[PDB]
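This report refers to the structure that appears directly beneath it.
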Amino acid sequence: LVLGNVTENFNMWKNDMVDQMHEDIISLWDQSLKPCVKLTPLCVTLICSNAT
Amino acid sequence: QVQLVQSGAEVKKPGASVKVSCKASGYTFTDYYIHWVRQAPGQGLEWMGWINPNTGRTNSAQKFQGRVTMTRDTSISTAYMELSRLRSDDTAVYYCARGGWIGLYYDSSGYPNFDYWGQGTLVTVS
Amino acid sequence: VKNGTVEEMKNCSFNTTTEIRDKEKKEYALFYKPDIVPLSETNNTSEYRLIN
Amino acid sequence: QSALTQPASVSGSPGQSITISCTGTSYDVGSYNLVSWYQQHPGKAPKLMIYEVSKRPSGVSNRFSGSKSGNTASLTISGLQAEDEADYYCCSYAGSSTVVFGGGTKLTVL
Amino acid sequence: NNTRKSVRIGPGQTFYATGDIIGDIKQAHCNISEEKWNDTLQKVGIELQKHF
Ligand SMILES: *[C@@H]1O[C@H](CO)[C@@H](O[C@@H]2O[C@H](CO)[C@@H](O[C@@H]3O[C@H](CO[C@H]4O[C@H](CO[C@H]5O[C@H](CO)[C@@H](O)[C@H](O)[C@@H]5O[C@H]5O[C@H](CO)[C@@H](O)[C@H](O)[C@@H]5O)[C@@H](O)[C@H](O[C@H]5O[C@H](CO)[C@@H](O)[C@H](O)[C@@H]5O)[C@@H]4O)[C@@H](O)[C@H](O[C@H]4O[C@H](CO)[C@@H](O)[C@H](O)[C@@H]4O[C@H]4O[C@H](CO)[C@@H](O)[C@H](O)[C@@H]4O[C@H]4O[C@H](CO)[C@@H](O)[C@H](O)[C@@H]4O)[C@@H]3O)[C@H](O)[C@H]2NC(C)=O)[C@H](O)[C@H]1NC(C)=O
Ligand SMILES: *[C@@H]1O[C@H](CO)[C@@H](O[C@@H]2O[C@H](CO)[C@@H](O[C@@H]3O[C@H](CO[C@H]4O[C@H](CO)[C@@H](O)[C@H](O)[C@@H]4O)[C@@H](O)[C@H](O[C@H]4O[C@H](CO)[C@@H](O)[C@H](O)[C@@H]4O)[C@@H]3O)[C@H](O)[C@H]2NC(C)=O)[C@H](O)[C@H]1NC(C)=O
Ligand SMILES: *[C@@H]1O[C@H](CO)[C@@H](O[C@@H]2O[C@H](CO)[C@@H](O[C@@H]3O[C@H](CO)[C@@H](O)[C@H](O[C@H]4O[C@H](CO)[C@@H](O)[C@H](O)[C@@H]4O)[C@@H]3O)[C@H](O)[C@H]2NC(C)=O)[C@H](O)[C@H]1NC(C)=O
């Protein structure tokens, strides 16, 4: 719905909405990585063929 | 009267280890820190380390750690200064001095309060 | 000690994991005496464990 | 060599006053009040002179004094005598647990 | 004058312990003003007296 006449000021660098999106995305990624295996035995040494 | 005494003038040859003995005469050897000071002949004083007789714990200066280690035997009132791998740069007089007062609390190990001095010994090597 | 009258703590040695799961290394760390319990039922003086 | 810097000689005549500058930094002189001065006659054992910035033992007169100033504390003599024409070495705690010396200050009295 | 030590324990975490004691060994304590405690413990007495 367009507003017929408005006096307004915008600033995009101080907007808090993007910081909220950042918080949401990282805090949701942390949730998404919870239910999966955390490896841990693979810190064992790897003996890898010395190809040239 | 309290006095600090030492083994007299010393003779060795370079490379040999030396064992300078210090006698605590006329006071409690258990109650005061003892400090060792080097004096190259006619030169300024260099600091070696201390020893706690009642505890037996010691600390040698970083310039000599792993080369100098002091010990004592209260039954003979003797404090020792061990010094191995002797360079000829160790040409010097070695002193035995009475430091601060030992307490169960407090820490006077590092205080420069040397009250009395032993008569010393000039080590002969070249 | 000849009753040093100052608690000495106990200087202990044990094995710890290096940056690989499989290789091990000896370590040391001073611990206060009350947290360290002797292990053997016999009169052994050499071996100890944490109170937990 | 001394970590503490200090002069090697200041000369004159009896009755004067002196200032001899033993210098350190935050780690030895700045952070702590453990500073001392030692008399060293030619060929003699050292004699404790000033202890803990400025206090004096027995057998030591009010002809001598000293005081702290930041990272330099100095030996202030007064009423000079030719009998006291000795070397002088500052001394101070230096952190960890160590003791350090400085200088070669030969007093001279004509 | 205790000094911290860093002992690694598996991936991405460390165990902290006392590594060495600089200087000489001494005893920990608490100091309390003497006559103030004497006066305080008598002052508690003059109030505690009434129910005994
Ligand atoms: C919590 O609470 C704690 C308390 O529970 C508290 O602990 C206390 O901390 C303070 C630190 O702030 C400690 O203070 C120190 O105490 C030292 C001990 O002094 C007391 O005892 C001595 C014992 O004297 C022995 O030696 C004489 C010979 O000199 C003998 O004849 C005596 O019998 C006696 O016994 C020995 O010998 C017997 C022989 O038979 C033996 O049988 C026996 O077993 C012994 O071996 C007394 O002399 C002291 O009194 C004299 O000194 C005071 C202060 O000057 C005078 O006012 C007093 O009138 C006496 O004259 C005292 O009773 C102190 O020595 C020590 O003071 C020195 O060091 C401080 C820095 O620490 C300096 O600032 C100060 O100037 C002192 O320097 C002199 O001594 C040093 C050696 O230590 C010398 O190197 C120095 O050059 C100077 O020399 C003196 O002698 C020269 C000649 O030798 C002379 O020329 C000089 O001019 C000068 O006079 C310091 O005050 C205190 O001890 C702790 N308390 C306890 C119970 O341990 C703790 O801090 C609290 N903590 C907190 C967080 O609150
Ligand atoms: C209790 O225990 C702590 C340690 O756990 C002691 O603190 C140490 O004190 C020593 C004093 O000698 C420090 O070593 C000296 O460091 C100087 C430079 O400072 C370093 O440390 C500070 C603090 O992080 C930094 O800002 C700085 O950039 C350095 O990293 C050096 O200049 C000294 O060496 C020089 O002089 C000596 C002779 O004096 C020479 O032999 C050297 O070759 C060199 O020319 C010296 O190495 C040490 O850094 C301190 N450690 C810490 C962790 O602070 C306390 O002193 C001890 N006692 C008390 C009462 O607290
Ligand atoms: C507490 O106890 C632990 C052990 O229980 C002890 O740690 C060990 O200290 C020694 C001495 O510093 C370490 O070994 C040294 O390693 C250096 C490496 O450069 C060597 O140069 C040393 O060689 C000399 O000293 C040996 C005797 O220690 C001589 O046999 C040798 O011929 C050389 O003269 C020395 O080997 C050792 O690595 C540690 N061990 C561990 C697990 O860290 C610690 O010092 C004790 N601390 C206290 C306060 O008691």
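A note on labels: chains of the structure tokens are A, B, ... as shown, every chain counts residues from 1, and ligands are counted from 1 in their shown order.
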> DSSP says helix (DSSP H, G or I) for which residues of chain A? Put them as a ChimeraX atom specification?
Replying inline: /A:16-33,41-43
>> Counting only C-alpha atoms and all ligand atoms, what are the residues, protein, DNA or RNA alike, that approach ligand 2 to within 9 Å? I want them as an NGL selection string.
In response: (:B and (62-63)) or (:D and (2-4 or 25-28 or 32 or 94-98 or 100)) or (:E and (1-4 or 20-23))
> Within 12 Å of residue 28 in chain E, counting only C-alpha atoms, which residues qualify if same-chain residues fewer than 4 places away don't, as a count of residues only?
Replying inline: 8
>> Using only C-alpha atoms and a distance of at most 6 Å, pull out the residues of chain C that contact chain E, as an MDAnalysis selection string.
In response: chainID C and resid 6 17 29:30
For those residues, write N, CA and C atoms to a file as a short mmCIF file (atom, residue, chain, number, x, y, z; two decimals), in the first residue's frame.
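result-v4.cif, written as the output of this step:
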```
data_model
loop_
_atom_site.label_atom_id
_atom_site.label_comp_id
_atom_site.auth_asym_id
_atom_site.auth_seq_id
_atom_site.Cartn_x
_atom_site.Cartn_y
_atom_site.Cartn_z
N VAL C 6 55.97 -25.66 56.31
CA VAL C 6 55.36 -24.95 55.19
C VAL C 6 54.98 -26.00 54.16
N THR C 17 47.44 -36.11 25.94
CA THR C 17 47.30 -36.25 24.50
C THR C 17 47.91 -35.05 23.79
N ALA C 29 52.87 -31.36 36.51
CA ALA C 29 52.10 -30.25 37.06
C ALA C 29 52.05 -30.37 38.57
N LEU C 30 52.37 -29.28 39.26
CA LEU C 30 52.29 -29.25 40.71
C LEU C 30 50.83 -29.17 41.14
#
```
>> Could you list, as a list in words, all residues that come within 6 Å of ligand 3? Count only C-alpha atoms and all ligand atoms.
In response: residues 11, 12, 13, 26, 27 and 28 of chain C; 20 of chain E
Write out the residues from the selection above, keeping N, CA, C and O atoms, as a short mmCIF file (atom, residue, chain, number, x, y, z; two decimals), in the first residue's frame.
```cif
data_model
loop_
_atom_site.label_atom_id
_atom_site.label_comp_id
_atom_site.auth_asym_id
_atom_site.auth_seq_id
_atom_site.Cartn_x
_atom_site.Cartn_y
_atom_site.Cartn_z
N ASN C 11 54.67 -32.56 43.39
CA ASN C 11 55.02 -32.36 41.99
C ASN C 11 54.82 -33.71 41.30
O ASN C 11 55.54 -34.67 41.58
N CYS C 12 53.85 -33.77 40.40
CA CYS C 12 53.40 -35.01 39.80
C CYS C 12 53.68 -35.04 38.30
O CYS C 12 53.95 -34.02 37.67
N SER C 13 53.62 -36.25 37.74
CA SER C 13 53.92 -36.50 36.33
C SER C 13 52.91 -37.49 35.78
O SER C 13 52.50 -38.43 36.47
N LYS C 26 54.53 -37.35 27.99
CA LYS C 26 54.62 -37.13 29.43
C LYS C 26 54.53 -35.64 29.74
O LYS C 26 55.08 -34.80 29.03
N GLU C 27 53.82 -35.32 30.82
CA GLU C 27 53.67 -33.96 31.31
C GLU C 27 53.88 -33.96 32.82
O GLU C 27 54.00 -35.02 33.44
N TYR C 28 53.95 -32.76 33.39
CA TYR C 28 54.07 -32.60 34.83
C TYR C 28 53.31 -31.36 35.26
O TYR C 28 53.13 -30.42 34.48
N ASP E 20 55.31 -23.94 38.05
CA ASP E 20 56.47 -23.78 38.92
C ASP E 20 56.19 -22.69 39.93
O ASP E 20 55.31 -21.84 39.72
#
```
> Could you list, as number ranges by chain, all the residues within 6 Å of ligand 1, counting only C-alpha atoms and all ligand atoms?
Replying inline: B: 28, 31, 99-101, 103, 106, 113-115; D: 57-58; E: 31
Write the residues of the selection above to a file with C-alpha atoms, as a PDB file, in the first residue's frame.
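The result, stored in again-v9.pdb:
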```pdb
ATOM      1  CA  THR B  28      71.607 -19.173  64.314  1.00  0.00           C
ATOM      2  CA  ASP B  31      67.199 -18.007  60.853  1.00  0.00           C
ATOM      3  CA  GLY B  99      70.902 -11.699  54.265  1.00  0.00           C
ATOM      4  CA  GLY B 100      67.454 -11.002  55.609  1.00  0.00           C
ATOM      5  CA  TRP B 101      65.575 -12.719  58.402  1.00  0.00           C
ATOM      6  CA  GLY B 103      60.050 -16.159  58.603  1.00  0.00           C
ATOM      7  CA  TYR B 106      56.617 -12.815  54.576  1.00  0.00           C
ATOM      8  CA  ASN B 113      70.015  -6.278  53.025  1.00  0.00           C
ATOM      9  CA  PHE B 114      73.459  -7.901  53.235  1.00  0.00           C
ATOM     10  CA  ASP B 115      74.483  -7.164  56.829  1.00  0.00           C
TER      11      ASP B 115
ATOM     12  CA  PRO D  57      72.876   0.708  59.765  1.00  0.00           C
ATOM     13  CA  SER D  58      75.001   1.181  62.841  1.00  0.00           C
TER      14      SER D  58
ATOM     15  CA  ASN E  31      45.387 -11.531  59.722  1.00  0.00           C
TER      16      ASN E  31
END
```
> Would you list which chain A residues are within 12 Å of chain E using only C-alpha atoms, as JSON, numbers by chain?
Replying inline: {"A": [38, 39, 40, 41, 42, 43, 44]}
> If you count only C-alpha atoms, which residues fall within 9 Å of residue 43 in chain D, apart from same-chain ones fewer than 3 positions away, as an MDAnalysis selection string?
Replying inline: (chainID B and resid 41:42) or (chainID D and resid 40)
If you keep C-alpha atoms, can you produce a file of those selected residues as a PDB file, in the first residue's frame?
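Output below, filename result.pdb:
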```pdb
ATOM      1  CA  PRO B  41      89.771  -9.103  41.109  1.00  0.00           C
ATOM      2  CA  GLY B  42      89.654  -5.341  41.515  1.00  0.00           C
TER       3      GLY B  42
ATOM      4  CA  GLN D  40      83.564  -0.709  48.665  1.00  0.00           C
TER       5      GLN D  40
END
```
>> Should the cut-off be 8 Å, what would the residue list for chain C against chain A look like, counting only C-alpha atoms, as a list in words?
In response: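 Using only C-alpha atoms, chain C residues at most 8 Å from chain A: residues 19, 20, 21 and 22 of chain C.
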How about saving the chosen residues, C-alpha atoms kept, as a PDB file, in the first residue's frame?
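Below is the file that was written, result-v9.pdb:
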```pdb
ATOM      1  CA  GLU C  19      47.822 -32.711  18.800  1.00  0.00           C
ATOM      2  CA  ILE C  20      47.070 -36.218  17.436  1.00  0.00           C
ATOM      3  CA  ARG C  21      44.633 -38.639  19.074  1.00  0.00           C
ATOM      4  CA  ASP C  22      47.114 -41.532  18.868  1.00  0.00           C
TER       5      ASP C  22
END
```
>> Using DSSP secondary structure from the backbone, list all strand (DSSP E or B) positions within range 6-119 of chain B, as a PyMOL selection string.
In response: chain B and resi 6+10-11+18-25+32-39+45-51+58-60+68-73+78-83+93-101+116-117
>> What's around residue 99 in chain D at 8 Å? Count only C-alpha atoms, leave out sequence neighbours fewer than 2 positions away in its own chain, and write the answer as a PyMOL selection string.
In response: (chain B and resi 47+110-112) or (chain D and resi 91-94+97+101)
Export of prior selection with N, CA and C atoms as a PDB file, in the first residue's frame:
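Resulting contents of again-v3.pdb:
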```pdb
ATOM      1  N   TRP B  47      76.281 -10.892  41.234  1.00  0.00           N
ATOM      2  CA  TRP B  47      75.423 -11.622  42.159  1.00  0.00           C
ATOM      3  C   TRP B  47      75.250 -13.055  41.667  1.00  0.00           C
ATOM      4  N   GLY B 110      64.613 -12.066  48.383  1.00  0.00           N
ATOM      5  CA  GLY B 110      65.224 -11.176  47.418  1.00  0.00           C
ATOM      6  C   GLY B 110      65.581  -9.796  47.917  1.00  0.00           C
ATOM      7  N   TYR B 111      65.553  -9.554  49.220  1.00  0.00           N
ATOM      8  CA  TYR B 111      65.863  -8.220  49.725  1.00  0.00           C
ATOM      9  C   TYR B 111      67.373  -7.987  49.688  1.00  0.00           C
ATOM     10  N   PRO B 112      67.856  -6.861  49.118  1.00  0.00           N
ATOM     11  CA  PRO B 112      69.294  -6.550  49.285  1.00  0.00           C
ATOM     12  C   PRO B 112      69.587  -5.885  50.626  1.00  0.00           C
TER      13      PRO B 112
ATOM     14  N   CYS D  91      72.399  -1.201  44.499  1.00  0.00           N
ATOM     15  CA  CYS D  91      71.889  -2.562  44.518  1.00  0.00           C
ATOM     16  C   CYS D  91      70.374  -2.515  44.659  1.00  0.00           C
ATOM     17  N   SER D  92      69.688  -3.431  43.973  1.00  0.00           N
ATOM     18  CA  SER D  92      68.233  -3.388  43.940  1.00  0.00           C
ATOM     19  C   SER D  92      67.661  -4.737  43.529  1.00  0.00           C
ATOM     20  N   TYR D  93      66.454  -5.005  44.021  1.00  0.00           N
ATOM     21  CA  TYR D  93      65.659  -6.133  43.568  1.00  0.00           C
ATOM     22  C   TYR D  93      65.261  -5.924  42.107  1.00  0.00           C
ATOM     23  N   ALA D  94      65.117  -7.041  41.374  1.00  0.00           N
ATOM     24  CA  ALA D  94      64.865  -6.977  39.935  1.00  0.00           C
ATOM     25  C   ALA D  94      63.799  -7.971  39.486  1.00  0.00           C
ATOM     26  N   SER D  97      63.012 -13.491  41.351  1.00  0.00           N
ATOM     27  CA  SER D  97      63.627 -13.250  42.655  1.00  0.00           C
ATOM     28  C   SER D  97      65.129 -13.195  42.401  1.00  0.00           C
ATOM     29  N   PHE D 101      73.346  -5.339  40.799  1.00  0.00           N
ATOM     30  CA  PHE D 101      74.273  -4.305  41.244  1.00  0.00           C
ATOM     31  C   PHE D 101      74.452  -3.286  40.123  1.00  0.00           C
TER      32      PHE D 101
END
```
Would you mind listing, for every residue of chain B within 12 Å of chain C, the two atoms forming the shortest contact and the distance between them in Å to one decimal, using only C-alpha atoms, sorted by chain and ascending residue number, as JSON lines?
```
{"residue": "B:30", "atom": "CA", "partner": "C:4", "partner_atom": "CA", "distance": 11.7}
{"residue": "B:52", "atom": "CA", "partner": "C:4", "partner_atom": "CA", "distance": 11.6}
{"residue": "B:53", "atom": "CA", "partner": "C:4", "partner_atom": "CA", "distance": 11.0}
{"residue": "B:54", "atom": "CA", "partner": "C:4", "partner_atom": "CA", "distance": 7.7}
{"residue": "B:55", "atom": "CA", "partner": "C:4", "partner_atom": "CA", "distance": 6.4}
{"residue": "B:56", "atom": "CA", "partner": "C:1", "partner_atom": "CA", "distance": 9.5}
{"residue": "B:57", "atom": "CA", "partner": "C:4", "partner_atom": "CA", "distance": 11.0}
{"residue": "B:103", "atom": "CA", "partner": "C:6", "partner_atom": "CA", "distance": 10.5}
{"residue": "B:104", "atom": "CA", "partner": "C:6", "partner_atom": "CA", "distance": 7.2}
{"residue": "B:105", "atom": "CA", "partner": "C:6", "partner_atom": "CA", "distance": 9.3}
```
Could you please take those selected residues and save N, CA, C and O atoms as a compact mmCIF listing (two decimals), in the first residue's frame?
```txt
# COMPACT_ATOMS: atom_id res chain seq x y z
N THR B 30 69.98 -21.16 61.11
CA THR B 30 68.65 -21.54 60.64
C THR B 30 67.73 -20.35 60.38
O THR B 30 66.65 -20.55 59.82
N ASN B 52 68.54 -21.14 51.48
CA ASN B 52 67.76 -21.16 52.71
C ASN B 52 68.18 -22.40 53.50
O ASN B 52 67.83 -23.51 53.10
N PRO B 53 68.94 -22.27 54.60
CA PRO B 53 69.35 -23.49 55.32
C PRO B 53 68.20 -24.26 55.93
O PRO B 53 68.12 -25.49 55.78
N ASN B 54 67.29 -23.57 56.63
CA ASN B 54 66.19 -24.26 57.31
C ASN B 54 65.30 -25.00 56.32
O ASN B 54 64.75 -26.06 56.66
N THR B 55 65.14 -24.46 55.12
CA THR B 55 64.36 -25.11 54.07
C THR B 55 65.22 -25.98 53.16
O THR B 55 64.74 -27.01 52.67
N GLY B 56 66.47 -25.58 52.92
CA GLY B 56 67.32 -26.23 51.95
C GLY B 56 67.12 -25.78 50.52
O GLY B 56 67.88 -26.19 49.64
N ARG B 57 66.11 -24.94 50.27
CA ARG B 57 65.82 -24.49 48.92
C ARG B 57 66.79 -23.39 48.50
O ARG B 57 67.27 -22.61 49.33
N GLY B 103 61.29 -16.03 57.88
CA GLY B 103 60.05 -16.16 58.60
C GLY B 103 59.16 -17.17 57.91
O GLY B 103 59.26 -17.39 56.70
N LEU B 104 58.31 -17.82 58.70
CA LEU B 104 57.30 -18.68 58.10
C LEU B 104 56.40 -17.89 57.16
O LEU B 104 55.98 -18.42 56.12
N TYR B 105 56.10 -16.63 57.48
CA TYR B 105 55.33 -15.78 56.60
C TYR B 105 56.30 -14.86 55.88
O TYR B 105 57.52 -15.01 56.02
```
> Contacts of range 66-73 of chain B at 7 Å or less, counting only C-alpha atoms, minus same-chain residues fewer than 5 places along, as a list in words?
Replying inline: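 Contacts, in chain order: residues 51, 53, 58, 60, 78, 79, 80, 81, 82, 83 and 84 of chain B.
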Write the selection just made, keeping C-alpha atoms, as a PDB file, in the first residue's frame?
```
ATOM      1  CA  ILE B  51      70.353 -20.510  50.007  1.00  0.00           C
ATOM      2  CA  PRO B  53      69.353 -23.490  55.318  1.00  0.00           C
ATOM      3  CA  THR B  58      68.074 -22.431  46.653  1.00  0.00           C
ATOM      4  CA  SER B  60      71.082 -19.558  41.328  1.00  0.00           C
ATOM      5  CA  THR B  78      78.859 -25.121  56.540  1.00  0.00           C
ATOM      6  CA  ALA B  79      77.367 -23.543  53.426  1.00  0.00           C
ATOM      7  CA  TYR B  80      78.750 -24.672  50.062  1.00  0.00           C
ATOM      8  CA  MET B  81      78.995 -23.011  46.650  1.00  0.00           C
ATOM      9  CA  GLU B  82      79.280 -25.600  43.888  1.00  0.00           C
ATOM     10  CA  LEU B  83      80.516 -24.343  40.514  1.00  0.00           C
ATOM     11  CA  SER B  84      81.230 -26.721  37.616  1.00  0.00           C
TER      12      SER B  84
END
```
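The smallest atom-to-atom distance between residue 44 in chain D and any of B:75, B:21, B:43, B:7, using only C-alpha atoms, is found for B:43.
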>> Residues near residue 34 in chain C, anyone? I mean within 12 Å using only C-alpha atoms, not counting same-chain ones fewer than 6 positions away, as JSON, numbers by chain.
In response: {"C": [7, 8, 9, 10, 48, 49, 50, 51, 52]}
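If only C-alpha atoms are the atoms counted, then among D:6, D:65, D:108, D:17 the closest residue to chain B is D:6.
Straight-line separation from CA of residue 123 in chain B to CA of residue 46 in chain D: 18.2 Å.
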> Quick one: distance from CA of residue 98 in chain B to CA of residue 64 in chain B in Å, one decimal?
Replying inline: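 Taking CA of residue 98 in chain B and CA of residue 64 in chain B, their separation equals 20.8 Å.
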